[PDB]
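Counting begins at 1 with the first residue of the sequence.
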Amino acid sequence: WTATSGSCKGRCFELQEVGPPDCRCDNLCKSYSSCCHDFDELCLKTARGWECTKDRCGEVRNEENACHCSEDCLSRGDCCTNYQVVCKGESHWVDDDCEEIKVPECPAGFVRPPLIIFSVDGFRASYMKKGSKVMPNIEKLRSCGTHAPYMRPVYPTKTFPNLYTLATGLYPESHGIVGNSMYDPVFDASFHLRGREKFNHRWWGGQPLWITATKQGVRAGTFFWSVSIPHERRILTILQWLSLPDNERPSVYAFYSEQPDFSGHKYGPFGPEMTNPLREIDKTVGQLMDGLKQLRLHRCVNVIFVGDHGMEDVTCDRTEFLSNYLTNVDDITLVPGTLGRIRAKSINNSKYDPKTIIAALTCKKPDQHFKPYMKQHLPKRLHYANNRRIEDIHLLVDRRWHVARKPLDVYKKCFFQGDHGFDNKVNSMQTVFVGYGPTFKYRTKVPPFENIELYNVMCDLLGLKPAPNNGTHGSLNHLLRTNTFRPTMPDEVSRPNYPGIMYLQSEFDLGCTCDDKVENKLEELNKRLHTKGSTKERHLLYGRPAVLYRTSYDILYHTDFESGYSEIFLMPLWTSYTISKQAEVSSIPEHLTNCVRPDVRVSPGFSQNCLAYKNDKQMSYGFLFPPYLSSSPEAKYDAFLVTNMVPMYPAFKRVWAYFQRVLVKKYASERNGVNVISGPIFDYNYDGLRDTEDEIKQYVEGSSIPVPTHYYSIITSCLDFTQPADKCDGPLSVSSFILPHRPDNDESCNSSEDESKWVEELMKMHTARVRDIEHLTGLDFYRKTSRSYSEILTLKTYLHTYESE
Ligand SMILES: *[C@@H]1O[C@H](CO)[C@@H](O[C@@H]2O[C@H](CO)[C@@H](O[C@@H]3O[C@H](CO[C@H]4O[C@H](CO)[C@@H](O)[C@H](O[C@H]5O[C@H](CO)[C@@H](O)[C@H](O)[C@@H]5O[C@H]5O[C@H](CO)[C@@H](O)[C@H](O)[C@@H]5O)[C@@H]4O)[C@@H](O)[C@H](O[C@H]4O[C@H](CO)[C@@H](O)[C@H](O)[C@@H]4O[C@H]4O[C@H](CO)[C@@H](O)[C@H](O)[C@@H]4O)[C@@H]3O)[C@H](O)[C@H]2NC(C)=O)[C@H](O)[C@H]1NC(C)=O
Ligand SMILES: NS(=O)(=O)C1CCN(C(=O)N2CC3=C(CN(C(=O)c4cc(OCC5CCOCC5)nc(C5CC5)c4)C3)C2)CC1
Ligand SMILES: [Ca+2]
Ligand SMILES: [Ca+2]
Ligand SMILES: [Cl-]
Ligand SMILES: [K+]
Ligand code: NA
Ligand SMILES: [Zn+2]
């Protein structure tokens with residue numbers, strides 16, 4: 001109920017939302033059917049439009065007008081945005097040369113530069129170049145401010161997940177808005193685009209910027225605008241709020257445009273019909289900037305121009321139907337479109353089986369335009385699993401396609417030519433970032449970054465302490481002239497032991513053998529030296545990783561590699577080695593095929609054993625430092641130490657062997673050497689975070705050897721590839737992966753072929769940030785470089801994406 005008989009007189013676009021049954025006058029009242037009777041008349045005036053003409057200059061104030069051109073309008077804060085241009089001989093903001101904003105130039109009583117966030121739905125990254133002739137205001141902000149060539153959204157690349165990620169710094173799995181449509185089985189309630197359930201607060205986790213601001217005494221403009229409030233009025237309302245007295249005036253504002261998404265869905269991302277919506281957004285930007293210029297705020301306010309996601313060409317004829325794969329198509333509920341989420345139609349159906357649904361959707365047609373995954377097997381870079389609202393069964397749909405249950409869903413609902421939601425590394429999904437103002441840099445290009453990082457920066461721009469989030473605070477310091485956040489490296493929690501030779505061969509009863517019984521003072525001191533770390537500078541280039549949790553581990557040195565060996569997990573947490581451009585690849589000699597050797601520095605009790613692998617008919621083993629890259633015959637024996645062995649499914653050893661035998665050398669040749677750090681990951685509860693021992697669900701049969709869910713590698717080299725990886729004087733270049741450790745290669749439809757036809761494609765799909773590995777391992781990398789810590793944080797958030805330009 002709403003008693004709509006109250007009045008909006010003197011309350012238009014009030015900042016504090018009044019509670020039912022009282023009638024509302026705020027920018028959302030329309031969306032709740034709660035505005036007072038007179039809200040349109042008083043608060044949504046339209047008379048005479050949005051622009052001053054010559055003939056209105058100096059007019060007698062008429063309060064019916066949408067905006068004013070009378071002499072008192074600047075003091076009332078309600079001139080039309082072009083008033084000064086038309087009536088006072090001023091130039092439009094866009095026509096002014098750009099001049100560096102070295103310090104905030106604010107009117108008296110402004111405590112801090114305000115922040116205005118201007119968000120554009122569906123604004124694909126390539127619009128900045130392809131539309132540049134029709135967006136002069138936006139192009140000025142872009143070239144005069146700080147810009148990225150694109151900004152990576154979160155998955156799924158849908159509207160509400162991305163806008164709420166922008167607001168919170170959180171992955172959708174953590175904030176809870178995991179799609180535009182959701183079912184929460186605990187609530188037993190459904191969230192949709194249409195309707196009232198979406199306003200209930202329980203969907204929305206984390207702490208969005210407007211709450212963070214409010215808790216720390218920074219006032220926030222209401223961020224949300226009912227769809228029928230036209231853009232011109234939104235801008236006028238922001239500018240009016242900016243003329244409030246100091247104690248009432250917000251410090252942070254938001255404007256949201258439904259365009260160009262709205263037209264993009266209808267016409268495709270580059271339809272001829274898209275030029276006008278881009279023009280109209282630019283004109284809105286021009287209004288805001290002219291309006292700030294009038295208020296003398298144009299060299300005071302920080303403006304962010306940001307998109308939620310891009311737009312791809314998609315038509316109804318490019319739809320895959322589940323009825324063409326599943327027999328039981330009426331026993332499921334599909335969340336459809338540019339991703340798929342599947343669950344049982346009825347919780348009372350005990351004949352529901354995810355495994356048979358997955359098998360029926362796996363590599364069934366030669367051109368199949370989607371791939372099924374149990375959510376835990378999705379690429380970890382998507383961070384799309386740890387929420388009860390994300391269904392176990394997921395379909396990653398190819399760009400340009402849709403998935404639907406049955407053909408009738410597509411015509412009893414062609415219409416549309418554009419859509420989004422695909423994998424967040426897809427080029428068409430990338431979106432935009434521009435920062436302009438005193439706090440941002442002047443005429444600065446920055447590398448692409450993820451939208452999860454922006455919450456921290458928005459907090460920095462307002463002097464707020466961010467709530468805990470998925471950004472890496474400091475990784476975007478290079479966007480800012482001032483207000484940088486100066487983080488320190490986390491403290492190492494566990495120090496390593498440095499064991500020497502402590503055990504005789506015969507103390508081990510591991511069931512292993514090796515043909516290594518073959519015998520020199522010249523080289524005897526040399527091998528001693530190598531076991532004490534004489535080559536450690538070559539193989540550990542960026543310092544040892546810091547262990548950020550309480551555990552027992554040993555540093556083990558070798559000629560060709562160094563490791564941090566966990567006495568709790570019975571395997572290395574990390575293994576570090578450098579392969580130069582000139583390194584040679586060799587075979588595993590015939591006599592050493594099954595060689596595994598006790599490590600006389602590590603007790604039998606803290607060692608794996610070969611017997612467990614012999615008896616576990618499913619599980620085999622591999623090595624972290626590859627025997628193929630041994631520097632000499634003698635050094636190769638180090639690679640068969642029991643302390644370098646890790647459990648691997650035979651199916652996964654095909655992937656791993658190819659990586660180690662072929663790809664490491666290829667990367668070293670291409671990048672002028674590489675440093676590799678590899679290791680295991682345990683994430684059985686798929687939360688993105690290092691498992692403790694008591695979370696491990698699988699061991700090598702009959703043993704306490706835990707089975708990794710994933711294996712990682714971090715591959716680092718010199719950005720200036722004229723310098724070799726191991727003598728690099730400047731910035732670094734990195735690529736990394738987190739490969740799922742799976743007992744089959746069902747994910748790779750061409751896995752019956754030679755590894756050269758499918759392994760690298762798998763690896764590319766599972767590309768990762770160093771930061772993703774940090775979360776999953778509790779390790780902290782790049783502790784000892786010559787580079788600034790903020791640059792290193794930037795490096796750690798880098799994602800090598802493998803898309804063309
Ligand atoms: C990305 O960044 C985010 C933010 O930093 C990271 O997420 C955090 O990670 C922490 C570790 O996983 C997690 O900490 C736990 O919080 C428990 C209480 O949390 C509530 O309070 C906070 C503060 O306001 C709030 O933010 C939480 O909000 C969640 O839940 C509501 C719904 O209830 C959602 O609306 C909201 O979106 C959010 O959901 C997300 O997180 C929850 C987990 O909280 C997931 O289940 C959801 O799927 C979704 O992803 C909460 O309202 C706290 O009680 C925990 O303590 C347990 O663990 C400690 C270990 O120190 C143990 O010693 C204790 O005994 C205790 O265990 C007891 O409870 C167990 C669970 O029932 C039980 O089994 C035991 O036997 C014990 O009885 C713990 O500290 C933190 O909440 C989230 N924060 C957010 C916002 O998600 C995220 O990790 C980052 N991602 C990556 C990849 O880095
Ligand atoms: N879903 S779809 O098919 O693509 C299509 C459906 C039709 N769609 C459509 O008509 N609309 C969608 C829509 C509106 C109005 N909205 C908001 O006002 C809003 C702005 C906003 O800002 C956050 C800022 C944070 C800082 O960083 C900047 C952002 N957060 C939200 C929610 C996340 C809380 C909403 C969202 C209308 C447009 C989208
Ligand atoms: Ca959107
Ligand atoms: Ca975990
Ligand atoms: Cl969705
Ligand atoms: K075995
Ligand atoms: Na296969
Ligand atoms: Zn859309």
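Among residues two or more places apart in sequence or in another chain, the side-chain contact (heavy atoms from CB on, under 4.5 Å) test is passed with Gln259 by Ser257, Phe262, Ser263, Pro277, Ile281. Every ring-ring contact (aromatic ring centres under 6.0 Å, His included) that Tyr171 has, sequence neighbours left out, goes to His383. When the salt bridge (charged side-chain N to carboxylate O under 4.0 Å, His left out) test is applied to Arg389, the partners found at least two apart in sequence or on another chain are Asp184. Residues meeting the side chain to side chain donor-acceptor pair (under 3.5 Å) test with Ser494, sequence neighbours left out: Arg550. Scanning for side chain to side chain donor-acceptor pair (under 3.5 Å) contacts around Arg24 gives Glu17, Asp26, with sequence neighbours left out. Among residues two or more places apart in sequence or in another chain, the ring-ring contact (aromatic ring centres under 6.0 Å, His included) test is passed with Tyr32 by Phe199. For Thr212, the side chain to side chain donor-acceptor pair (under 3.5 Å) partners two or more places apart in sequence, or in a different chain, are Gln207, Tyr455. Remark: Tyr782 engages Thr716 in a side chain to side chain donor-acceptor pair (under 3.5 Å) (not counting sequence neighbours). Residues satisfying the side-chain contact (heavy atoms from CB on, under 4.5 Å) test with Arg690, not counting sequence neighbours, are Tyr549, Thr692. Contacts of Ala125 classified as side-chain contact (heavy atoms from CB on, under 4.5 Å), with partners at least two apart in sequence or in another chain: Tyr150, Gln430. The side-chain contact (heavy atoms from CB on, under 4.5 Å) search around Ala404 returns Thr319, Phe321, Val410, not counting sequence neighbours.
Taking the ring centroids of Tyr711 and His741, they lie under the 6.0 Å cut-off. Checked against a 6.0 Å centroid threshold, the rings of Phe449 and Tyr798 do not count as neighbours.
Between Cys35 and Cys29, the sulfur-to-sulfur (SG-SG) separation falls under 2.5 Å.
Of the possible donor and acceptor atoms, one in the side chain of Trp225 sits under 3.5 Å from a partner among the backbone N and O of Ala254. Under a 3.5 Å cut-off, the side chain of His192 and the backbone N or O of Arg194 do not form any donor-acceptor pair. The backbone N or O of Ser790 sits less than 3.5 Å from a side-chain atom of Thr794, completing a donor-acceptor pair. With hydrogens and angles ignored, the 3.5 Å screen pairs a side-chain donor or acceptor of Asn469 with a backbone N or O of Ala467. With hydrogens and angles disregarded, no donor-acceptor distance shorter than 3.5 Å links the side chain of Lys375 to the backbone of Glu391.
Expressed to the nearest 0.5 Å, how far CG of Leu339 lies from CG of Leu395 amounts to 8.5 Å. Here CD1 of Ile738 is found 10.5 Å from OH of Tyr712. Values are rounded to the nearest 0.5 Å.
The residue from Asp687, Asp772, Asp683 that alone fulfils the salt bridge (charged side-chain N to carboxylate O under 4.0 Å, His left out) condition with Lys380 is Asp683. Of the candidates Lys764, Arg400, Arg381, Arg399, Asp423 forms a salt bridge (charged side-chain N to carboxylate O under 4.0 Å, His left out) with just one, namely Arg381. Checking each of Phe13, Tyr253, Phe255 against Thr237 for a side chain to side chain contact (heavy atoms under 4.5 Å, CB included) leaves exactly one that passes, namely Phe13. No option in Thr338, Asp261, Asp121, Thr157 other than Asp261 meets the side-chain hydrogen bond (donor to acceptor under 3.5 Å, both in side chains) test with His420. For the side-chain hydrogen bond (donor to acceptor under 3.5 Å, both in side chains) with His309, the lone residue among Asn451, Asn162, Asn424, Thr159 that qualifies is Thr159.
In this structure, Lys796 and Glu774 have side chains that are in contact, with non-hydrogen atoms separated by less than 4.5 Å. Inter-residue side-chain proximity for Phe224 and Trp210 is flagged as met; some heavy-atom pair is nearer than 4.5 Å. Looking at heavy atoms from C-beta onward, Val306 lies in side-chain contact with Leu454 at the 4.5 angstrom threshold.
Taking the ring centre of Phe187 as origin, the terminal cationic atom of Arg388 falls inside the region bounded by 6.0 Å and 45° from the ring axis.
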Take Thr333 and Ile342 through the side-chain contact (heavy atoms from CB on, under 4.5 Å) test and state the conclusion after the steps.
-> CA-CA 6 Å; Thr333 296; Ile342 292 173; over 6 Å; no

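The pair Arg742-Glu747 meets the salt-bridge criterion, since a charged nitrogen lies less than 4.0 angstrom from a carboxylate oxygen. Between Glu197 and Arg202, at least one side-chain nitrogen of the basic residue sits less than 4.0 Å from a carboxylate oxygen of the acidic one, meeting the salt-bridge criterion. Checked for salt-bridge contact, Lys425 and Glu803 meet the test: a charged N lies under 4.0 Å from a carboxylate O.
Using a 3.5 Å distance cut-off with no hydrogens or angles, the side chains of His175 and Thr165 do pair a donor with an acceptor.
The salt bridge (charged side-chain N to carboxylate O under 4.0 Å, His left out) pairs that include a residue from residues 454-470 number zero, where partners must be two or more places apart or lie in different chains.
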